[PDB]
């Protein structure tokens, strides 16, 4: 079943993949859960997204040391908002190499985030320029276009049925696209479909604010966005 370490919750999704879940109480909304991933790649671990805070991100790392007991080689963060990048200082203090879209790093000061140590860039078709994402193992990084934010990125896990849509994708039973304050309403639908087309074989779609879902999450998000 699910495991807890401090304020964090961990769910095993596949033999080498776990989902990390952290919570932040928002003054007039209550607790909001955010999800990221932990991937075991041979003798090392790869992390996708921080928790909301530095303390919560340190809890992820200590759970990894306790449960997997393999070095964390790198972390990829999916856009410059608190749920995804709020724990950058904890990753840096633990000596983990950090990667984010160049645009996330450029927006990070205005967004109140700490930039990653390295910038990822992308081809016109959305795929990460390989020279900018060295030794990423099974992590396949894809920029689907502007949607939840202009800098949002996605990641597939090679050798699994998993693709991570971060905050771009909502579950198949979602009634709204969430916070559209920094969103591109014109391009959102095409970006949601581009994520789906980049990872055609992925049958488990992991996202930031809902539990893992089928490909139905991709099409239902795109239909909601078509109405924007």
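Rigid core (definition): largest C-alpha set, two forms, superposition within 1.5 Å. Numbering follows the first chain given and starts at 1.
K.L.:
Given a rigid core fit, name the stretch, 162 to 170 or 178 to 186, whose C-alphas are on average farther from the form shown here in 5 other deposited structures of this protein.
P.N.:
When 162 to 170 and 178 to 186 are compared in 5 other deposited structures of this protein, the bigger C-alpha shift is seen for 178 to 186.
K.L.:
Is residue 195 left out in a third or more of the other entries?
P.N.:
In none of the comparable entries (those modelling both sides of it) is residue 195 left without coordinates.
K.L.:
At a threshold of one third of the other compared entries, does residue 61 come out as unmodelled?
P.N.:
Residue 61: modelled in every other compared entry.
K.L.:
Looking at the deposited entry, does 152 to 160 or 139 to 147 carry the larger mean Cα B-factor?
P.N.:
Per the PDB record, 152 to 160.
K.L.:
Quick check on the record: does 194 to 202 or 180 to 188 carry the larger mean Cα temperature factor?
P.N.:
It is 194 to 202.
K.L.:
C-alpha B factor of residue 174, ranked within the chain: lowest, middle or highest third?
P.N.:
Within its chain, residue 174 is a highest-third residue by C-alpha B-factor, going by the deposited values.
K.L.:
Per the entry's values, where does residue 20 land by CA temperature factor relative to the rest of its chain, in the lowest, middle or highest third?
P.N.:
Its C-alpha B-factor, which the entry lists for residue 20, ranks in the lowest third among residues of this chain.
K.L.:
Based on the entry's values, in what third of the chain does the Cα temperature factor of residue 45 lie: lowest, middle or highest?
P.N.:
For residue 45, the deposited C-alpha B-factor lands in the middle third.
K.L.:
Lowest, middle or highest third: which one holds residue 66 when the chain's residues are ordered by CA B-factor from the entry?
P.N.:
It falls in the middle third of the chain.
K.L.:
Could you tell me which third, lowest, middle or highest, the C-alpha B-factor of residue 86 occupies within its chain?
P.N.:
According to the entry, residue 86 has a C-alpha B-factor in the chain's lowest third.
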